[PDB]
Structures are given as C-alpha cells and as structure tokens.
Number of protein chains: 2
Amino acid sequence: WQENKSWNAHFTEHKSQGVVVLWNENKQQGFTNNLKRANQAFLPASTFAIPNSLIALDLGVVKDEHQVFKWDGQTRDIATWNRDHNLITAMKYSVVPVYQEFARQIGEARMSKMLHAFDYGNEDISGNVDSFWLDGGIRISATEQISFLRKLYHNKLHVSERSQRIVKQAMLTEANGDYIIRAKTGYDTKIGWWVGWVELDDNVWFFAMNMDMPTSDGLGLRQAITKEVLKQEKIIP
Amino acid sequence: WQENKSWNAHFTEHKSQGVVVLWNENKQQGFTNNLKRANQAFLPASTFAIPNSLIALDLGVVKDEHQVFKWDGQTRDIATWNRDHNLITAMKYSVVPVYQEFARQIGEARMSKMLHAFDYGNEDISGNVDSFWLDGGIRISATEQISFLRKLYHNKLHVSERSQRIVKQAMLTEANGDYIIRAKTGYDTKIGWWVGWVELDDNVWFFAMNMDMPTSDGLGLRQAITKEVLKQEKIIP
Ligand SMILES: *C(=O)[C@@H]([C@@H]1NC(C(=O)O)=C(S[C@@H]2CN[C@H](C(=O)N(C)C)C2)[C@@H]1C)[C@@H](C)O
Ligand SMILES: *C(=O)[C@@H]([C@@H]1NC(C(=O)O)=C(S[C@@H]2CN[C@H](C(=O)N(C)C)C2)[C@@H]1C)[C@@H](C)O
Ligand SMILES: [Cl-]
Ligand SMILES: [Cl-]
Ligand SMILES: [Cl-]
Ligand SMILES: [Zn+2]
Ligand SMILES: [Zn+2]
Ligand SMILES: [Zn+2]
Ligand SMILES: [Zn+2]
C-alpha cells in the first residue's frame with residue numbers, strides 16, 4: 001500500500017474531503033490519498049446491495065435478474081422506488097424497499113452467517129434485520145470493500161458462481177471501447193460511497209472511495225473525483 | 001413486421017445501402033427499412049463468434065471468460081490477433097485464430113448438431129470446419145439473427161444457462177445511465193454486420209443490421225447508422 005498525498009488535490013479542488021483507494025490486480029499493489037481514512041469503517045448504506053443481492057440469489061429469494069419485485073403500493077419519497085423493479089433496476093436506483101424485503105426473507109441467522117463467510121466488514125448485523133446496513137452496527141472500510149470486491153470478481157465468495165455472475169451483471173455502470181465499470185453508489189446523508197472495479201483488456205483496477213457529503217448537490221463528485229484520479233493514473237483515457 | 005422506408009435516409013445520407021431491423025420485445029413488433037433485405041441471408045463472418053463461443057463453453061473447450069488462449073506464435077495481418085486473448089478480448093477484436101481453434105476442438109459433428117439445435121440460419125457448415133462461417137456455406141439473415149439473439153437473451157438456447165450468461169457478458173459493447181448494448185460486429189470485405197440488443201430499464205430492443213461495405217473506411221457507419229435509427233425512434237437519447 002502506497003500513499004499518494006498529491007491525490008488530495010482532486011478532493012480540495014472540489015472543496016471536498018474523502019479517500020480514493022485503488023488496487024492494481026496484476027501487480028497486487030494498492031494506492032490511496034489517505035491510508036488512515038482508507039481504513040476508516042463507515043455504514044455501507046446502499047453499497048450493501050452487493051452482498052444482499054448475492055445472498056438473496058443464493059438462497060432463492062431472487063430467481064434471476066428478470067424477476068419482478070412488485071411495488072407494495074406504499075408511496076415513498078424517492079420517486080424511482082414507487083414502481084415495479086428487478087435486480088438490475090433495484091441496484092441502479094438503490095431501491096431500499098426491495099432490499100429490505102430481501103433481508104427479511106433471508107433472516108437474521110442466515111444473514112449473519114453469510115456476512116461472516118464473506119468476511120464482510122465488521123460482520124455485525126445489530127439493529128433491525130431490514131435496516132442494519134442503514135442505521136445499525138455494520139461497518140466497512142474502503143480497503144475492506146476492495147477485499148470483498150476482489151473475491152466477487154474472481155467468483156471466490158462463498159456462494160454459487162451463478163449468484164456472483166448475476167450480481168456482477170447488475171453492478172454494470174459504464175462501458176465503452178476502453179473500459180468497463182461495475183460499481184455501486186451509496187449515500188447516508190453524511191458520507192457518499194462509490195465502490196467497484198474498472199475492467200481493462202489485460203488488467204482490473206479495483207476502487208473504493210468515500211467522501212464527506214453534507215448535501216445531495218455534490219453526489220456526482222463521487223464519480224467525477226474517482227474518474228479524475230483514474231485519468232491521472234492513466235487507467236482510463 | 002412493419003416497413004419504414006423513411007429509415008432509408010439514414011443509409012442514403014452516408015452514400016450507403018443496407019438494412020436495419022429492430023424488434024420491440026415488450027410489444028413483439030418488428031420494424032425495418034427494407035423487409036426483403038431484412039430476410040436476405042449472408043455469411044455471418046465474425047458474428048458467428050456468438051454461437052461459436054456458446055458451443056465452446058458448453059463443451060468445455062473454454063472454461064470461462066478469464067481463461068487465456070495462448071497465441072500460437074504465427075504473426076497475422078491484424079495486429080490485435082498476435083497476442084494472448086481471453087473470451088472477452090477475442091470477441092472485442094474478432095480474433096479469428098481463437099475461434100478457429102474453438103471450431104476444430106468442437107468438431108464437425110458437434111458443430112452441426114449444435115447449430116441445428118440453435119435453429120441458426122441455414123444450419124449448413126459446408127466447407128472447412130474452422131472457416132465455414134468465413135468462406136463456407138453457412139448463411140443467416142438479419143431477422144434470423146434476431147430470432148437467435150432473442151433465445152440467447154432469455155437463456156432459451158439449447159445450452160447451459162451459464163454458457164449463455166458468459167457469452168452475453170463477452171458481448172458487452174457500450175453502457176451508460178440510459179442503456180446497455182450487447183452486440184457483435186462483422187465484416188467480410190463485402191458486407192458489414194452489427195447484431196445485438198439495447199437493454200433499457202423496462203424493455204429490450206433487439207437489432208440486426210447489415211450494409212454494403214466496399215472498403216474499411218466506412219466500418220464505423222455500422223454503429224453510427226444503427227444509433228441514428230435508435231435515436232430517431234427515441235429508443236436512446
Ligand atoms: C443508499 O446509499 C441510499 C441511496 N443511494 C443513493 C446513491 O448513492 O445514489 C441515493 S441518492 C438517490 C438515488 N439516485 C438519485 C439521484 O438522482 N442521484 C444519485 C443524484 C437520488 C440514495 C439515498 C439508500 C439508503 O436510500
Ligand atoms: C469478422 O467479421 C472479421 C473481423 N470482424 C471485424 C469487425 O466487424 O470489426 C473486423 S475489422 C478489424 C477488427 N477491428 C479493427 C478496426 O479497427 N475496426 C473495426 C475499424 C479492424 C475483422 C475483419 C474476421 C473474419 O476477420
Ligand atoms: Cl439499499
Ligand atoms: Cl455483464
Ligand atoms: Cl470470427
Ligand atoms: Zn475535478
Ligand atoms: Zn458452505
Ligand atoms: Zn447519419
Ligand atoms: Zn439436448
């Protein structure tokens with residue numbers, strides 16, 4: 001692990017504070033602007049969609065990425081949530097009601113065992129079984145996110161290969177002739193997350209970033225700052 | 001099937017001739033500029049990478065999308081071919097040597113049975129087992145490409161679900177916040193292909209296009225004309 005404090009400019013240029021963590025898979029080397037904050041554990045918020053979806057698929061709670069989760073008919077504040085969804089759109093729009101239903105069907109006992117088998121963060125599900133990743137005791141650091149994501153990328157998590165492939169499909173965020181990004185955003189009113197990886201022809205760069213997010217206005221800085229770092233390191237054009 | 005002859009402008013604006021075929025999956029309705037050419041059968045050329053990769057995966061010739069196919073050390077004219085590849089980069093760069101090795105290992109008997117089970121075009125593998133899709137008797141029309149691709153999208157081809165998922169991953173071409181394109185190009189010195197689909201939040205639009213391609217200079221018209229049609233029909237922004 002190498003600390004590049006010159007990456008701090010990418011945060012300070014946006015009047016922001018946070019951490020970007022990168023992992024070169026071929027070289028087995030990591031880079032970050034702040035080693036300490038790279039290892040600071042936060043609530044996963046909507047980034048918990050990745051383990052949650054994996055467990056739900058492996059237990060049969062979700063059949064596949066096409067299966068429709070009917071809206072319960074409760075109107076909530078996020079407009080995108082009040083409609084039918086599948087695994088793809090649930091991940092795209094961070095539809096909490098869907099993932100809460102996942103967690104309830106999974107149950108406390110299976111959820112706890114699965115997160116331990118996943119070596120996921122602090123592995124603590126204290127709180128409501130359907131809201132612990134939002135207001136409970138589970139915490140995960142950026143380096144721990146990358147550890148988890150590396151296992152997912154290689155199909156080495158303790159779930160079926162099929163479940164991992166489907167979740168990685170649902171993680172699809174951006175793709176062009178130069179790279180593929182599979183990733184998941186998160187925002188809990190205090191900090192914003194972006195965790196995932198960049199697939200290249202001959203390598204994969206894993207990333208996990210978080211930053212202080214006082215207001216929603218700057219949510220796009222999550223991706224912008226990350227991509228500005230990736231471009232500086234010549235990972236993407 | 002509805003013929004929209006006003007789509008011909010998209011070809012004539014580029015001094016080109018060809019066909020675009022679209023299929024609205026939710027409505028089960030098709031649209032094309034030229035119904036006749038939509039049903040004209042051509043050599044699949046590099047679009048055969050999709051059935052070939054499916055068969056190779058299902059027979060174990062390819063383990064997964066990470067498995068490296070070592071370059072044989074024969075230098076060929078296409079620079080991208082003279083290197084190691086996996087299933088992702090073989091599809092991206094249309095690396096014929098890889099697919100020829102696939103076909104040889106598959107063999108004539110299994111290839112012929114598989115294409116019949118796939119209902120793939122004329123189902124004729126006459127010629128060399130490792131070049132029939134380039135210089136042999138196999139032919140497929142744009143509408144037949146869409147018929148095949150619909151089965152792939154739904155995991156209804158006569159191969160393992162896993163094989164179909166992996167090939168669809170390898171087909172990934174473009175993705176953003178509005179759509180995902182999974183597709184495959186083809187070019188045989190006479191005609192150019194682009195076949196695939198556009199995934200939206202709530203629908204999928206399948207497409208198959210081909211056009212006369214006297215020279216390589218216009219290869220990019222394949223995607224440009226297709227995307228100009230998609231934009232006209234408000235399928236993509
Ligand atoms: C989880 O982190 C929460 C949701 N996750 C995200 C997110 O990181 O994108 C949001 S923000 C919401 C969804 N997308 C909308 C948008 O237009 N932008 C990203 C600017 C707004 C949620 C708060 C979950 C616990 O609600
Ligand atoms: C199959 O159709 C042949 C290859 N397929 C393609 C193609 O449709 O892209 C090409 S063109 C080749 C690969 N990409 C290079 C490029 O820079 N452009 C697309 C402009 C050039 C091949 C001829 C296969 C039978 O060789
Ligand atoms: Cl969530
Ligand atoms: Cl995918
Ligand atoms: Cl080919
Ligand atoms: Zn900036
Ligand atoms: Zn076990
Ligand atoms: Zn045009
Ligand atoms: Zn059978």
# chains A, B, ... in the order shown; residues from 1 in each chain; ligands from 1
$ calpha_fit_and_write --fixed "chain A" --moving "chain B" --output "tab-separated table (two decimals) with C-alpha atoms, in the first residue's frame"
chain	number	residue	atom	x	y	z
B	1	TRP	CA	0.00	0.00	0.00
B	2	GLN	CA	1.39	3.35	-1.17
B	3	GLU	CA	0.07	6.75	-0.07
B	4	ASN	CA	-0.08	9.42	-2.80
B	5	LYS	CA	-0.93	12.63	-0.96
B	6	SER	CA	-0.90	14.55	-4.25
B	7	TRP	CA	-4.27	12.91	-4.96
B	8	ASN	CA	-5.68	15.18	-2.23
B	9	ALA	CA	-5.80	17.95	-4.84
B	10	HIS	CA	-8.70	16.11	-6.51
B	11	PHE	CA	-10.72	16.50	-3.31
B	12	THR	CA	-9.58	20.02	-2.40
B	13	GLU	CA	-10.30	21.30	-5.93
B	14	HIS	CA	-13.96	20.47	-5.19
B	15	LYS	CA	-13.88	21.85	-1.63
B	16	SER	CA	-14.26	18.22	-0.57
B	17	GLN	CA	-12.66	15.72	1.79
B	18	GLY	CA	-12.52	11.97	1.32
B	19	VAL	CA	-10.47	8.98	0.27
B	20	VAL	CA	-9.90	7.14	-3.01
B	21	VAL	CA	-8.39	3.65	-2.82
B	22	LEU	CA	-7.11	1.83	-5.91
B	23	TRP	CA	-5.84	-1.75	-6.26
B	24	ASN	CA	-3.85	-2.94	-9.29
B	25	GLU	CA	-4.87	-6.58	-9.61
B	26	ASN	CA	-1.99	-7.67	-11.85
B	27	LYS	CA	0.66	-6.05	-9.66
B	28	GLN	CA	-1.11	-6.72	-6.32
B	29	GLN	CA	-0.41	-3.12	-5.30
B	30	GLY	CA	-2.67	-0.52	-3.72
B	31	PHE	CA	-2.68	3.29	-3.82
B	32	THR	CA	-4.59	5.85	-1.76
B	33	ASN	CA	-4.53	9.55	-0.91
B	34	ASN	CA	-5.10	8.81	2.80
B	35	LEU	CA	-4.08	5.46	4.31
B	36	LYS	CA	-5.92	6.19	7.56
B	37	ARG	CA	-9.29	7.10	6.04
B	38	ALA	CA	-8.81	4.19	3.62
B	39	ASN	CA	-9.14	2.03	6.74
B	40	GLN	CA	-11.93	4.04	8.41
B	41	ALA	CA	-15.11	1.97	8.68
B	42	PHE	CA	-18.46	3.52	7.74
B	43	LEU	CA	-22.01	2.30	7.33
B	44	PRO	CA	-22.18	0.63	3.89
B	45	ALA	CA	-25.59	2.27	3.13
B	46	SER	CA	-26.62	1.30	-0.42
B	47	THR	CA	-23.31	-0.44	-1.16
B	48	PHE	CA	-24.76	-3.30	0.90
B	49	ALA	CA	-26.86	-4.04	-2.18
B	50	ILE	CA	-23.99	-6.20	-3.45
B	51	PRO	CA	-23.81	-8.71	-0.52
B	52	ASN	CA	-27.57	-8.54	-0.02
B	53	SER	CA	-28.30	-9.43	-3.66
B	54	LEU	CA	-25.73	-12.24	-3.60
B	55	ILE	CA	-27.29	-13.83	-0.52
B	56	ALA	CA	-30.82	-13.34	-1.85
B	57	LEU	CA	-29.93	-15.05	-5.14
B	58	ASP	CA	-28.07	-17.91	-3.47
B	59	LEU	CA	-30.97	-18.62	-1.10
B	60	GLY	CA	-33.58	-18.45	-3.87
B	61	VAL	CA	-35.18	-15.26	-2.55
B	62	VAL	CA	-34.46	-13.88	-6.04
B	63	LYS	CA	-34.66	-16.19	-9.05
B	64	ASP	CA	-32.74	-14.06	-11.56
B	65	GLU	CA	-32.16	-10.51	-12.79
B	66	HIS	CA	-35.50	-10.54	-14.66
B	67	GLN	CA	-37.79	-11.49	-11.76
B	68	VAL	CA	-40.15	-8.63	-10.96
B	69	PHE	CA	-40.47	-7.38	-7.39
B	70	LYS	CA	-43.95	-5.86	-7.26
B	71	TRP	CA	-44.16	-2.49	-5.55
B	72	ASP	CA	-46.02	-2.85	-2.25
B	73	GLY	CA	-48.18	0.19	-3.03
B	74	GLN	CA	-46.62	2.34	-0.30
B	75	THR	CA	-45.56	5.65	-1.82
B	76	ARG	CA	-42.13	6.76	-0.61
B	77	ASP	CA	-40.17	9.95	-1.12
B	78	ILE	CA	-37.80	8.66	-3.81
B	79	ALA	CA	-39.91	8.68	-6.98
B	80	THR	CA	-38.00	5.82	-8.64
B	81	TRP	CA	-38.88	3.49	-5.74
B	82	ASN	CA	-42.68	3.59	-6.22
B	83	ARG	CA	-42.85	1.11	-9.08
B	84	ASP	CA	-42.03	-2.45	-10.02
B	85	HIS	CA	-38.34	-3.34	-10.18
B	86	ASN	CA	-35.99	-6.18	-10.99
B	87	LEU	CA	-32.46	-6.80	-9.69
B	88	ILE	CA	-30.96	-4.53	-12.37
B	89	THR	CA	-33.17	-1.52	-11.68
B	90	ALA	CA	-33.18	-2.11	-7.91
B	91	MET	CA	-29.40	-1.69	-8.00
B	92	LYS	CA	-29.48	1.23	-10.44
B	93	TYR	CA	-31.97	3.21	-8.33
B	94	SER	CA	-30.90	1.88	-4.89
B	95	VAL	CA	-34.47	0.81	-4.15
B	96	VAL	CA	-34.39	0.24	-0.39
B	97	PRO	CA	-37.86	-1.42	-0.10
B	98	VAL	CA	-36.67	-4.23	-2.38
B	99	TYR	CA	-33.52	-4.86	-0.35
B	100	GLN	CA	-35.43	-4.72	2.95
B	101	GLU	CA	-37.73	-7.44	1.63
B	102	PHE	CA	-34.61	-9.40	0.64
B	103	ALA	CA	-33.20	-9.09	4.16
B	104	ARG	CA	-36.45	-10.08	5.89
B	105	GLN	CA	-36.74	-13.22	3.75
B	106	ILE	CA	-33.04	-14.01	4.31
B	107	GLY	CA	-33.45	-13.59	8.07
B	108	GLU	CA	-31.01	-12.68	10.83
B	109	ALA	CA	-29.46	-16.13	11.19
B	110	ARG	CA	-28.64	-16.65	7.51
B	111	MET	CA	-27.60	-13.02	7.02
B	112	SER	CA	-25.12	-13.17	9.91
B	113	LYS	CA	-23.59	-16.47	8.79
B	114	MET	CA	-23.32	-15.24	5.20
B	115	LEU	CA	-21.54	-11.97	6.06
B	116	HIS	CA	-19.06	-13.92	8.19
B	117	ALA	CA	-18.47	-16.36	5.33
B	118	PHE	CA	-18.00	-13.28	3.13
B	119	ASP	CA	-15.52	-11.74	5.63
B	120	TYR	CA	-17.63	-8.61	5.11
B	121	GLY	CA	-16.50	-5.63	7.20
B	122	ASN	CA	-17.17	-5.95	10.91
B	123	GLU	CA	-19.73	-8.73	10.19
B	124	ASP	CA	-22.17	-7.14	12.65
B	125	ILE	CA	-25.87	-7.04	11.80
B	126	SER	CA	-27.03	-5.41	15.07
B	127	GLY	CA	-30.26	-3.49	14.61
B	128	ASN	CA	-33.29	-4.24	12.50
B	129	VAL	CA	-32.76	-7.18	10.15
B	130	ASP	CA	-34.11	-4.97	7.34
B	131	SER	CA	-32.26	-1.73	8.14
B	132	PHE	CA	-28.95	-2.65	9.84
B	133	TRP	CA	-26.90	-1.54	6.81
B	134	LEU	CA	-28.61	1.88	7.04
B	135	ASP	CA	-28.98	2.59	10.78
B	136	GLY	CA	-27.40	-0.41	12.54
B	137	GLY	CA	-23.95	-1.57	13.59
B	138	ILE	CA	-22.46	-2.90	10.34
B	139	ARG	CA	-19.34	-1.02	9.25
B	140	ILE	CA	-16.88	-1.48	6.40
B	141	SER	CA	-13.77	0.40	5.30
B	142	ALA	CA	-12.68	1.21	1.75
B	143	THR	CA	-9.87	-1.37	1.91
B	144	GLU	CA	-12.37	-3.93	3.23
B	145	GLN	CA	-14.70	-3.09	0.34
B	146	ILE	CA	-11.88	-3.88	-2.09
B	147	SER	CA	-11.10	-7.14	-0.29
B	148	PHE	CA	-14.75	-8.17	-0.68
B	149	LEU	CA	-14.98	-7.00	-4.31
B	150	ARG	CA	-11.82	-8.92	-5.29
B	151	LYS	CA	-13.47	-12.13	-4.09
B	152	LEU	CA	-16.62	-11.30	-6.05
B	153	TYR	CA	-14.64	-10.55	-9.21
B	154	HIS	CA	-12.88	-13.93	-9.02
B	155	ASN	CA	-16.06	-15.86	-8.11
B	156	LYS	CA	-14.38	-16.80	-4.82
B	157	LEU	CA	-17.14	-15.71	-2.44
B	158	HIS	CA	-18.87	-18.48	-0.51
B	159	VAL	CA	-21.92	-18.56	-2.79
B	160	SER	CA	-22.71	-20.12	-6.15
B	161	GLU	CA	-20.77	-18.95	-9.18
B	162	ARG	CA	-24.14	-18.16	-10.77
B	163	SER	CA	-25.15	-15.79	-7.97
B	164	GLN	CA	-21.87	-13.91	-8.31
B	165	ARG	CA	-22.19	-13.62	-12.09
B	166	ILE	CA	-25.72	-12.23	-11.80
B	167	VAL	CA	-24.75	-9.62	-9.19
B	168	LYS	CA	-21.78	-8.54	-11.30
B	169	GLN	CA	-24.16	-8.09	-14.23
B	170	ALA	CA	-26.41	-5.94	-12.03
B	171	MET	CA	-23.38	-3.88	-10.99
B	172	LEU	CA	-22.80	-2.78	-14.58
B	173	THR	CA	-22.49	1.02	-14.61
B	174	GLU	CA	-20.46	2.18	-17.63
B	175	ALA	CA	-18.81	0.58	-20.64
B	176	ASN	CA	-17.08	1.74	-23.82
B	177	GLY	CA	-14.26	0.65	-26.09
B	178	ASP	CA	-11.66	1.35	-23.40
B	179	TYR	CA	-13.05	0.04	-20.10
B	180	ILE	CA	-15.96	-1.46	-18.16
B	181	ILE	CA	-17.04	-0.15	-14.75
B	182	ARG	CA	-19.03	-2.36	-12.41
B	183	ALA	CA	-19.80	-0.49	-9.22
B	184	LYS	CA	-22.30	0.61	-6.57
B	185	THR	CA	-23.03	4.05	-5.09
B	186	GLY	CA	-24.04	4.88	-1.52
B	187	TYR	CA	-25.21	7.95	0.39
B	188	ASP	CA	-26.38	8.11	4.03
B	189	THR	CA	-26.79	11.95	4.46
B	190	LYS	CA	-23.22	12.21	5.86
B	191	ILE	CA	-20.86	10.27	3.56
B	192	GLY	CA	-21.03	9.14	-0.06
B	193	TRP	CA	-19.62	5.86	-1.39
B	194	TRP	CA	-18.54	4.55	-4.77
B	195	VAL	CA	-17.03	1.04	-4.83
B	196	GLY	CA	-16.33	-1.26	-7.77
B	197	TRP	CA	-13.72	-2.00	-10.39
B	198	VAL	CA	-12.55	-0.96	-13.85
B	199	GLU	CA	-12.06	-3.85	-16.27
B	200	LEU	CA	-9.40	-3.35	-18.94
B	201	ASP	CA	-8.19	-5.61	-21.75
B	202	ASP	CA	-5.35	-7.04	-19.64
B	203	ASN	CA	-5.97	-5.85	-16.06
B	204	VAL	CA	-8.58	-4.91	-13.48
B	205	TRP	CA	-8.33	-1.92	-11.15
B	206	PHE	CA	-10.48	-2.16	-8.05
B	207	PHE	CA	-11.60	1.03	-6.36
B	208	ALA	CA	-13.37	2.17	-3.24
B	209	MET	CA	-13.94	5.82	-2.43
B	210	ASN	CA	-15.88	7.73	0.15
B	211	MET	CA	-16.16	11.42	0.89
B	212	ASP	CA	-17.98	13.79	3.21
B	213	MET	CA	-21.33	14.69	1.65
B	214	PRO	CA	-23.15	17.42	3.60
B	215	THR	CA	-25.77	17.83	0.87
B	216	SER	CA	-27.06	15.96	-2.19
B	217	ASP	CA	-25.78	18.70	-4.53
B	218	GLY	CA	-22.35	17.08	-4.71
B	219	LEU	CA	-23.36	13.42	-5.13
B	220	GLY	CA	-21.85	13.49	-8.63
B	221	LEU	CA	-18.43	14.30	-7.18
B	222	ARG	CA	-18.26	10.62	-6.15
B	223	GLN	CA	-17.85	9.50	-9.75
B	224	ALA	CA	-16.15	12.68	-11.01
B	225	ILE	CA	-13.34	12.63	-8.44
B	226	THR	CA	-12.81	8.89	-8.94
B	227	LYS	CA	-12.61	9.26	-12.71
B	228	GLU	CA	-10.27	12.24	-12.34
B	229	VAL	CA	-7.96	10.00	-10.30
B	230	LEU	CA	-8.26	7.12	-12.78
B	231	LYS	CA	-7.39	9.52	-15.61
B	232	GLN	CA	-4.39	10.93	-13.71
B	233	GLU	CA	-3.01	7.41	-13.24
B	234	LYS	CA	-3.63	6.70	-16.95
B	235	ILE	CA	-6.02	3.87	-16.05
B	236	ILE	CA	-8.67	5.33	-18.37
B	237	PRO	CA	-8.30	7.84	-21.25
$ select_by_dssp --residues "stretch 56-236 of chain A" --states "alpha helix (DSSP H)" --output "PyMOL selection string"
chain A and resi 56-58+87-92+96-117+132-135+142-153+161-170+221-232
$ select_by_dssp --residues "stretch 69-183 of chain A" --states "strand (DSSP E or B)" --output "list in words"
residues 69, 85, 140, 172, 173, 174, 175, 180, 181, 182 and 183 of chain A
